[PDB]
Asks: 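Have a look at this one before I ask anything.
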Amino acid sequence: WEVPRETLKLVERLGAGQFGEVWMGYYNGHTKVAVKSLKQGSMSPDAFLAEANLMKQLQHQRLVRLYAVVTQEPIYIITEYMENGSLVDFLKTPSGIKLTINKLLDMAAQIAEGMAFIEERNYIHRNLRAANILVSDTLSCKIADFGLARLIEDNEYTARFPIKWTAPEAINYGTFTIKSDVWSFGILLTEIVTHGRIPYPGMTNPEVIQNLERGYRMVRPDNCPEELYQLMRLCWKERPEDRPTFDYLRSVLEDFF
Ligand SMILES: CN1CCN(c2cccc(-c3cnn4c3N=CC(c3ccc(O)cc3)[C@@H]4N)c2)CC1
């Protein structure tokens, strides 16, 4: 997986944040890639490279594909390039805003498909939200930053804490399982149908927490199909055992229309 830095030309910076940068570049002259580079001192090379190791372990059409790593300073992780960047941002563009419910649900289904694979392999995401989904030129969706031992923020590698996607038992006890990812997925569905609106709009993180102690659930978003809302409400059942599998979520979303 290790390559000489010479095999890579970084062309254009796509973002910079607290822990490093992401660039568009070319690999072996012809392959368009994205390159995540570590800012020295942010974390150890091993902590950074764990993300690459997880992409080695889990390969799937709905998961972001690893091409290579460079393990001398600055450390690089090299992946496939996704023309439409992060789903959370794409949804806010002219093209994104004009997507039909049909196409949005196809995208939700692809995300449930990738999560169904993670579930079947007995991994967890822990960081599931529209920010961590990448979108290709043909609107195919790929899950990034899965299986990490840590919770990530959106400003680490671009200019911009994810309490709003976190299930109650994870807030209260630090219990993270595939069922807390199912919770996060229900929140992600609200992002998809509102063309990228922040969850619990006009609540701060502490207010969300106070509301969840009282059993609060977001209302049906404007224009959201009622059946899709009922799917959301299943993802948000208080007890993790009452939440559906991703296998089921995928099957419902795939055949939705
Ligand atoms: C016209 N478009 C051009 C591309 N733009 C854009 C903006 C921000 C990120 C991306 C973009 C495209 N691909 N990727 C991106 N961001 C992070 C990636 C990544 C890299 C390494 C890693 O370990 C995990 C994830 C990745 N593959 C693309 C969006 C607008």
Side-chain angles (χ1 to χ4, degrees), residues 1-29 31-59 63-71 73-93 118 123-136 141-166 170 174 176 181 184 188 191 196 198 205:
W1 288 107
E2 176 73 31
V3 302
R5 203 185 303 277
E6 204 200 328
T7 75
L8 291 159
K9 184 170 68 185
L10 302 206
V11 171
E12 178 170 2
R13 192 171 85 190
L14 304 169
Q18 303 306 294
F19 286 174
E21 308 189 328
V22 173
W23 288 67
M24 179 279 294
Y26 291 95
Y27 174 48
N28 296 129
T31 305
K32 200 167 185 173
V33 296
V35 180
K36 182 180 279 186
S37 75
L38 182 58
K39 178 192 301 163
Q40 198 168 33
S42 298
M43 70 189 75
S44 65
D46 285 4
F48 178 73
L49 285 162
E51 183 197 343
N53 288 351
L54 285 148
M55 287 184 282
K56 301 178 195 191
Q57 288 164 51
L58 288 178
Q59 286 167 63
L63 273 57
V64 172
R65 190 200 156 177
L66 176 77
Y67 288 133
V69 297
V70 178
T71 59
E73 171 67 38
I75 321 281
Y76 290 173
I77 296 177
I78 303 98
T79 70
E80 60 179 324
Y81 171 83
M82 307 293 283
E83 176 59 25
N84 287 130
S86 178
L87 177 68
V88 82
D89 297 314
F90 173 62
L91 288 170
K92 299 174 167 76
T93 61
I118 287 167
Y123 283 73
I124 69 160
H125 196 300
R126 202 191 300 270
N127 284 297
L128 184 60
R129 51 184 185 274
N132 299 139
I133 309 295
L134 300 170
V135 181
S136 85
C141 286
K142 297 186 195 273
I143 300 177
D145 295 288
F146 46 93
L148 300 174
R150 46 169 299 240
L151 300 182
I152 69 183
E153 292 174 282
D154 299 339
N155 66 352
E156 292 173 5
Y157 302 92
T158 194
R160 286 208 213 255
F161 205 93
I163 293 316
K164 285 173 177 197
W165 290 261
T166 303
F176 287 87
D181 292 327
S184 305
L188 198 161
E191 297 182 279
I198 189 85
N205 285 357

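Heads up: numbering here begins at 1 and tracks the sequence.
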Asks: Taking atom CZ of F176 and atom CG of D181, what is their separation to the nearest 0.5 Å?
Replies: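 Atom-to-atom, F176:CZ and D181:CG are 9.0 Å apart.
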Asks: Going by heavy atoms in the side chains, are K92 and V88 under 4.5 Å from each other?
Replies: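 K92 reaches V88 side chain to side chain.
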Asks: Please name all residues satisfying side chain to side chain contact (heavy atoms under 4.5 Å, CB included) with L63, sequence neighbours left out, ordered by chain then number.
Replies: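 Here the qualifying residues are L58, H60, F117, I118, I143, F146.
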Asks: Does the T93 side chain pair with the main chain of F90, one donor and one acceptor, at a distance under 3.5 Å?
Replies: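 Indeed, once roles are kept as given, a pair shorter than 3.5 Å links the two residues.
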Asks: For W165, is there any backbone N or O sitting under 3.5 Å from a side-chain donor or acceptor partner on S184?
Replies: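 Such a contact is found between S184 side chain and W165 backbone.
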Asks: Between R65 and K142, is any pair of side-chain heavy atoms under 4.5 Å apart?
Replies: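 Result no, sub-4.5 Å side-chain heavy-atom pair not found.
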Asks: What distance do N84 atom CG and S136 atom OG have between them, rounded to the nearest 0.5 Å?
Replies: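 So the CG of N84 and the OG of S136 are separated by 7.0 Å.
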Asks: Say you draw a straight line from OG of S86 to OH of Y157; how long is it, rounded to the nearest 0.5 Å?
Replies: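 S86 atom OG to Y157 atom OH measures 15.0 Å (nearest 0.5 Å).
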Asks: Within the distance-only criterion (no hydrogens, no angle test), does the side chain of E191 pair as donor or acceptor with the backbone N or O of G196 below 3.5 angstrom?
Replies: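 No; zero donor-acceptor contacts below 3.5 Å.
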Asks: Go through the side-chain N and O atoms of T71 and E2 and say whether any donor and acceptor fall under 3.5 Å apart.
Replies: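 Yes, because at least one side-chain N or O of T71 sits under 3.5 Å from a partner of the opposite role on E2.
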Asks: Any side-chain heavy-atom pair from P74 and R5 closer than 4.5 angstrom?
Replies: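 Yes - at least one pair of side-chain heavy atoms lies under 4.5 Å apart.
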Asks: Would you confirm whether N132, through its side chain, and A144, through its main-chain N or O, come within 3.5 Å as a donor-acceptor pair?
Replies: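 No; judged by distance alone, with no hydrogens or angles, the pair does not exist.
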Asks: Does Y27 reach the side chain of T7, with side-chain heavy atoms less than 4.5 Å apart?
Replies: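 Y27 reaches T7 side chain to side chain.
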Asks: Run the side-chain donor-acceptor check on residues 45-57: report pairs under 3.5 Å with partners two or more places apart or on a different chain.
Replies:
{"from": "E51", "atom 1": "OE1", "to": "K36", "atom 2": "NZ", "distance (Å)": "3.3"}
{"from": "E51", "atom 1": "OE2", "to": "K36", "atom 2": "NZ", "distance (Å)": "3.4"}
{"from": "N53", "atom 1": "OD1", "to": "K56", "atom 2": "NZ", "distance (Å)": "3.2"}
{"from": "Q57", "atom 1": "OE1", "to": "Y123", "atom 2": "OH", "distance (Å)": "2.5"}
{"from": "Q57", "atom 1": "NE2", "to": "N53", "atom 2": "O", "distance (Å)": "3.3"}

Asks: Any side-chain heavy atom of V35 sitting closer than 4.5 Å to one from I77?
Replies: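 A side-chain contact under 4.5 Å is absent here.
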Asks: Any heavy-atom pair between the side chains of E156 and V22 that's under 4.5 Å?
Replies: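 They are not in side-chain contact.
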Asks: Between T158 (side chain only) and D154 (backbone N and O only), is there a donor and an acceptor less than 3.5 Å apart?
Replies: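 Pair absent, no side-chain N/O of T158 close to backbone of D154.
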Asks: Tell me, please, whether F19 has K39 positioned over its six-membered ring: NZ or CZ under 6.0 Å from the ring centre and within 45 degrees of its axis?
Replies: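 No, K39 does not sit over the ring of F19.
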Asks: Before accepting this row, confirm whether a basic side-chain N of the pair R13/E21 lies closer than 4.0 Å to the acidic partner's carboxylate O.
Replies: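 Answer for the salt bridge query: yes.
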Asks: Can you measure from CG (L66) to CH2 (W1) and round to the nearest 0.5 angstrom?
Replies: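 Interatomic distance, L66 CG to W1 CH2, rounded to 0.5 Å: 4.5 Å.
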Asks: Any salt bridge between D145 and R126, counting N to O under 4.0 Å?
Replies: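 Here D145 does not pair with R126 in a salt bridge, since their nearest N and O are not under 4.0 Å apart.
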Asks: Quick one: NZ on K32 to CE on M82, what's the gap to the nearest 0.5 Å?
Replies: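 It comes to 12.5 Å.
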Asks: For residues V33 and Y26, determine if any side-chain heavy atom of one lies less than 4.5 Å from a side-chain heavy atom of the other.
Replies: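 Counting from C-beta outward, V33 and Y26 never come under 4.5 Å.
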Asks: side-chain contact (heavy atoms from CB on, under 4.5 Å), that's the test. Do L14 and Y81 meet it? Break it down for me.
Replies: CA-CA 11 Å; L14 304 169; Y81 171 83; 4.0 Å; yes
Asks: Kindly give the heavy-atom pair with the smallest separation between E73 and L38, and that separation in Å.
Replies: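 Looks like OE2-O, 4.4 Å.
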Asks: So, taking the atom named CG in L151 and the one named CD in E153, what distance separates them when rounded to the nearest 0.5 Å?
Replies: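 Answer rounded to 0.5 Å: 9.5 Å.
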Asks: Taking only residues two or more places apart in sequence or in another chain, which ones pass salt bridge (charged side-chain N to carboxylate O under 4.0 Å, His left out) with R160?
Replies: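 Only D89 meet the salt bridge (charged side-chain N to carboxylate O under 4.0 Å, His left out) criterion with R160.
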Asks: Do the non-hydrogen side-chain atoms of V70 and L8 ever get within less than 4.5 Å of each other?
Replies: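 Counting from C-beta outward, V70 and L8 do come under 4.5 Å.
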Asks: Has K9 got more than 12 heavy atoms of other residues, nucleotides or ligands less than 6.0 Å from its NZ?
Replies: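 No, NZ of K9 has 12 or fewer neighbouring heavy atoms, counting only those of other groups under 6.0 Å.
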Asks: Just by modelled atom types, is the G17 backbone N or O under 3.5 Å from a matching donor or acceptor in the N155 side chain?
Replies: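 No, the answer is negative, given that no donor and acceptor are paired below the 3.5 Å cut-off.
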